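Trainee: got the complex split up, this is the first portion:
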Amino acid sequence: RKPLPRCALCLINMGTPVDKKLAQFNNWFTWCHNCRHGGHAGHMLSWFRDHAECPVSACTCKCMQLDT
């Protein structure tokens, strides 16, 4: 019981509860394999749709285009 990581966008800590949808896709983890910066799936999808830089301030690499 120590705090889990948080989205770089929501600043809210992550988590998923381990018909009625118990744990939607938008709340899953997702992270850059070069940065190790992560967040919710939905917020990262929205951020990289209109932008192209690592969501965290002072980070540099272009996270999405590395693999696409």
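Mentor: The structure has been received and is ready for your questions. Residues are numbered from 1 along each chain as shown, chains lettered A, B, ... in the order given.

Trainee: Please count neighbours and contacts with C-alpha atoms only from this point.
Mentor: Noted.

Trainee: count of residues packed around residue A:54?
Mentor: 21 (other CA atoms under 10 Å).

Trainee: show me what contacts residue A:46?
Mentor: Taking CA atoms under 8 Å, 6 or more residues apart in numbering, we find residue A:46 in contact with no residue.

Trainee: Can you give the distance of the helix or strand hosting it from its chain's centre?
Mentor: Assessed by DSSP states H and E, residue A:46 sits inside helix A:41-50. In terms of CA atoms, centre = their mean, to the nearest Å, the centre of helix A:41-50 is set 8 Å apart from its chain centre.

Trainee: List every C-alpha atom in it, with coordinates, as PDB.
Mentor: What follows is helix A:41-50, C-alpha atoms only, in PDB (Å, rounded to 0.1, in the frame of the first residue of the first chain):
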ATOM      1  CA  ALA A  41      -4.700   5.300 -22.600                       C
ATOM      2  CA  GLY A  42      -7.400   7.800 -23.500                       C
ATOM      3  CA  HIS A  43      -5.500  10.900 -22.500                       C
ATOM      4  CA  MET A  44      -2.300   9.800 -24.200                       C
ATOM      5  CA  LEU A  45      -4.300   9.000 -27.400                       C
ATOM      6  CA  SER A  46      -5.800  12.500 -27.300                       C
ATOM      7  CA  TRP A  47      -2.500  14.200 -26.500                       C
ATOM      8  CA  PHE A  48      -0.500  12.500 -29.300                       C
ATOM      9  CA  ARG A  49      -3.400  13.100 -31.800                       C
ATOM     10  CA  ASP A  50      -2.800  16.900 -31.800                       C
END
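
Trainee: Check which residues of that helix are buried.
Mentor: Neighbour counts using 16 or more other CA atoms under 10 Å place A:41, A:43, A:44, A:48 of helix A:41-50 among the buried residues.

Trainee: swap in stretch A:60-68?
Mentor: A:62, A:63, A:64.

Trainee: wait, which of those residues is closest to residue A:22?
Mentor: The nearest member of the buried residues of stretch A:60-68 to residue A:22, counting by CA to CA, is residue A:64 at 28.2 Å.

Trainee: Look up how far residue A:18 lies from the closest one.
Mentor: Applying CA to CA, to the nearest Å, the value for residue A:64 to residue A:18 is 28 Å.

Trainee: Just give me the neighbour total for residue A:10.
Mentor: Residues lying near residue A:10 (other CA under 10 Å) number 11.

Trainee: show me what contacts it?
Mentor: residue A:43.

Trainee: Tell me the one of the buried residues of stretch A:60-68 nearest residue A:5?
Mentor: residue A:63 (18.7 Å).

Trainee: Chain B next, sequence below:
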Amino acid sequence: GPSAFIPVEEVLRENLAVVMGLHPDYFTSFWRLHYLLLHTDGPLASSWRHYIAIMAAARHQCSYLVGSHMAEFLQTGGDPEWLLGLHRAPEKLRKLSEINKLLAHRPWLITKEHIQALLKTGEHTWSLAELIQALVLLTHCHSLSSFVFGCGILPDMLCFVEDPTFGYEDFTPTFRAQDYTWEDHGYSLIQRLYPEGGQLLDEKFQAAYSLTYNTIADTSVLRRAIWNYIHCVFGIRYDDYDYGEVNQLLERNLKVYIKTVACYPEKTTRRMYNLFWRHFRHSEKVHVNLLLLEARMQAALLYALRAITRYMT
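Mentor: This next block brings in chain B, placed alongside the chains you saw above:
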């Protein structure tokens, strides 16, 4: 064998938990109470609850509960440096030692001034909900420390105590019995400050008070005798009981045994255990050496709740 006082063959025919298994109902109730008190989330943290258990078991020199409790305190995020002593402990439990004194040795000096100084404004203050858990914890650990030696169960400390030469005084403002009783007054207060604790304490108290005695020359009279005698040891006097039956219903060997167990539990020996009622079965000597913790806990809780009630009146 778990115990050097009870024969291993007797235990097999009928680490200290397996001993209490010969009674099903009370084993279940005690395990429920222990689970709620020490494991479930509540007003205090788990590390603090284990430390409280440690300080309440390091009062009768029970080198069985001052063990596993410190062995599971470390595995719950606790500070390893704290075990150096109370001098290393934070200035939040230092207010608890003075009341830990009488809750194990001499219950009758508790009063409003003690709880008030505990609930005093400053840089380290308790609330009601977070000290009522503490006192219930202390009473539970004292009762377990008494019972473990009451069965003589086979599996540093002096740096954890303040003035460790206190002891229990014989006795002679007595406590009148049916002036502040659990079933009417105290239950409401404990339930209001602690709902689940009150119900579990209630179930424990009636479960222990429904056990039979079998071998007897009407298995209720000796129960009442062994139930009220320990109470008048502490200061609560029931006026209705005729106290000739107390001496006329319990052998002096039984009396010295129960006093040795409930006052100075480190003083019991195998000769002390066997010197009373050799013609019986060990569960009969267990159901008697096992109700004394319940009577002790009842008296301690009644005294503490009388102390706390006056603080609001």
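
Trainee: The buried residues of helix A:41-50 again, this time with chain B added?
Mentor: A:41, A:43, A:44, A:48 (16 or more other CA atoms under 10 Å in any protein chain shown).

Trainee: Next: stretch A:1-8.
Mentor: A:6, A:7, A:8.

Trainee: who touches residue B:276 in this structure?
Mentor: With CA atoms under 8 Å, 6 or more residues apart in numbering or on different chains as the criterion, the residues that contact residue B:276 are B:251, B:253, B:254, B:257.

Trainee: Now, these that are in strands?
Mentor: Among those, no member is found in strands (DSSP state E).

Trainee: Could you identify which of these has the most neighbours?
Mentor: residue B:257 (23 neighbours; other CA atoms under 10 Å in any protein chain shown).

Trainee: could I get the contacts of residue B:276 as TSV with distance to residue B:267?
Mentor: Output for the contacts of residue B:276, formatted as TSV (distance: CA to CA, whole Å):
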residue	distance to residue B:267
B:251	19
B:253	15
B:254	15
B:257	10
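
Trainee: Now the most centrally placed residue in chain B: closest residue in space, sequence neighbours ignored.
Mentor: Geometric centre of chain B, nearest residue: residue B:143, 2.0 Å, by CA atoms, centre = their mean. Nearest non-adjacent residue to residue B:143, counting by CA to CA, 6 or more residues apart in numbering or on different chains: residue B:293, 4.8 Å away.

Trainee: cool, residue B:44 as well?
Mentor: Using CA to CA, 6+ apart, the closest residue to residue B:44 is residue B:130 (6.3 Å).

Trainee: on that earlier part again, return the closest of the buried residues of stretch A:1-8 with respect to residue A:34.
Mentor: Using CA to CA, the buried residues of stretch A:1-8 come closest to residue A:34 at residue A:8, 15.5 Å.

Trainee: Quick one: residues contacting residue A:23.
Mentor: A:16, A:17.

Trainee: Please settle this for me: is it part of a helix?
Mentor: No: using DSSP: H, G, I helix; E, B strand; the rest coil, the assignment for residue A:23 is coil, not a helix.

Trainee: Residues contacting the longest helix seen in chain B, please?
Mentor: In chain B, assigned by DSSP state H, the helix with the most residues is helix B:128-151. Helix B:128-151 has contacts (CA under 8 Å, 6+ apart) with B:3, B:5-6, B:16, B:37, B:43-44, B:49, B:52-53, B:56-57, B:59-62, B:65, B:100, B:103-104, B:119, B:193-194, B:261-262, B:265-266, B:268, B:286, B:289-290, B:292-294, B:296-297, B:300-301.

Trainee: Would you mind writing the PyMOL command to select the buried ones in these?
Mentor: Buried subset of the contacts of helix B:128-151, written as a PyMOL selection, criterion 16+ other CA under 10 Å:
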select buried, chain B and resi 3+5+6+37+49+52+53+56+57+59+60+61+62+65+100+103+104+119+194+261+262+265+266+268+286+289+290+292+293+294+296+297+300+301
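
Trainee: Chain C follows; place it on the structure:
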Amino acid sequence: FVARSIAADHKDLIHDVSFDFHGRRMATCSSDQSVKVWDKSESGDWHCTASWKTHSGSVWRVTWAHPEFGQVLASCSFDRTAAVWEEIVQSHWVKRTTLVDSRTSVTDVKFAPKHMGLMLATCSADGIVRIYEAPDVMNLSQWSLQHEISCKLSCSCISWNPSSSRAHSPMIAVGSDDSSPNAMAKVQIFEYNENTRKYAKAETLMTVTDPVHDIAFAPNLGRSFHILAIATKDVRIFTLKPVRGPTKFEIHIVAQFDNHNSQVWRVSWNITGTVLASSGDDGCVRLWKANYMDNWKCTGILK
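Mentor: Chain C, in position alongside the others:
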């Protein structure tokens, strides 16, 4: 403006309604000893989601906490207590703690601003107000009591100051209710004193003598002073400018609105904090705004 009547399905007077952080949820309470939560839908409809019983006395003010800590509520009632109810995942609300320290009924409970952690303040009818704190954020059951203040008079309302700057120390306003004909002030200001780590006496509104029934601080958003509101038999708005012990203040009076011809019960500000709202015994809601020259005037009457 239009209205949409909602079937309360309560058994007694509704006391308060409070809105979620994101504006999509709202919570209700009543003297029928219950709390209900309503969420808006796609077609702008309101429907119930939870109707569980909370206390055993008349349930007064119910508040929401910031969703950074989760979906955690709070309440006070005739039972001299205070709860920190939380919703967990169908979903249902489960209790977490019960602060039982006051000898008299707890009147109001208000969460602190985010920038000072998770805190909770409760005012008691006998005149004692107390601040709590939960340093272990992830388990809302280790609540501790940090400060205790004596108000020498009955307490009816409480309001935090949302100023997020580090040039403003935290401060809390206390609303009295005693009607005894002995004059004396009602509203008082308590200001944190981080030098000594205690709440002090900062200012006292001497011009207030009639019973105070609700209080509120205006959201700041960038303002360099403080704006206060008071729900007396009239509606008053105060302005407090700190001069560069506690800080010394300058207390001015801006509005002396008396077109309710009744007793004003509640006051509520906006998010940007430029328009005020209030309701009185007459029965309608008024809105007040500034005419860009420190000259407030009514801008609507909703009934």
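
Trainee: now that chain C has been added, could you go back to the neighbour count of residue A:10?
Mentor: Using other CA under 10 Å: residue A:10 sits among 12 other residues.

Trainee: gap between it and chain B?
Mentor: 29 Å (CA to the nearest CA, to the nearest Å).

Trainee: How about residue A:40?
Mentor: For residue A:40 relative to chain B (CA to the nearest CA), the value is 29 Å.

Trainee: How many residues are close by that residue?
Mentor: 23.

Trainee: same question, residue B:10
Mentor: 11.

Trainee: secondary structure class for residue B:52?
Mentor: Assignment for residue B:52 (three-state DSSP): helix.

Trainee: Tell me which residues touch it, please.
Mentor: Residues in contact with residue B:52, defined by CA under 8 Å, 6+ apart, are B:134, B:137, B:138.

Trainee: neighbour-wise, which of those leads?
Mentor: residue B:138 (25 neighbours).

Trainee: Look up how far residue B:52 lies from it.
Mentor: 7 Å.

Trainee: ok, back up a step: and the helix or strand just after the longest helix of chain B, what does it pack onto?
Mentor: As assigned by DSSP H and E, the chain's next helix or strand after helix B:128-151 is strand B:175-176. Packed against strand B:175-176, as judged by 3 or more CA pairs under 8 Å, 6 or more residues apart in numbering or on different chains; DSSP states H and E, are the following elements: strand B:236-237.

Trainee: C-terminal to the strand it packs on, what's the next element?
Mentor: Criterion used, DSSP H and E; the element after strand B:236-237 is helix B:244-248.

Trainee: With only the CA atoms kept, save that next one in CSV.
Mentor: Only the C-alpha atoms of helix B:244-248 are listed here, as CSV (Å, rounded to 0.1, in the frame of the first residue of the first chain):
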residue,chain,number,x,y,z
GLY,B,244,-19.6,-18.0,52.4
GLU,B,245,-20.1,-20.1,49.3
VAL,B,246,-16.9,-18.6,47.9
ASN,B,247,-14.7,-20.3,50.5
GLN,B,248,-17.1,-23.3,50.8
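
Trainee: Distance from that helix to the middle of the chain?
Mentor: With CA atoms, centre = their mean, you get 26 Å for helix B:244-248.

Trainee: on contacts alone, who are the packing partners of it?
Mentor: Using 3+ CA pairs under 8 Å, 6+ apart, helix B:244-248 is in contact with helix B:221-234.

Trainee: Nearest to chain B: which residue in chain C?
Mentor: As assessed by CA to the nearest CA, chain B sits closest to residue C:142 within chain C, at 4.9 Å.

Trainee: just the contacts of residue B:52 now: which is nearest residue C:64?
Mentor: Nearest member of those to residue C:64, counting by CA to CA, is residue B:134, at 31.0 Å.
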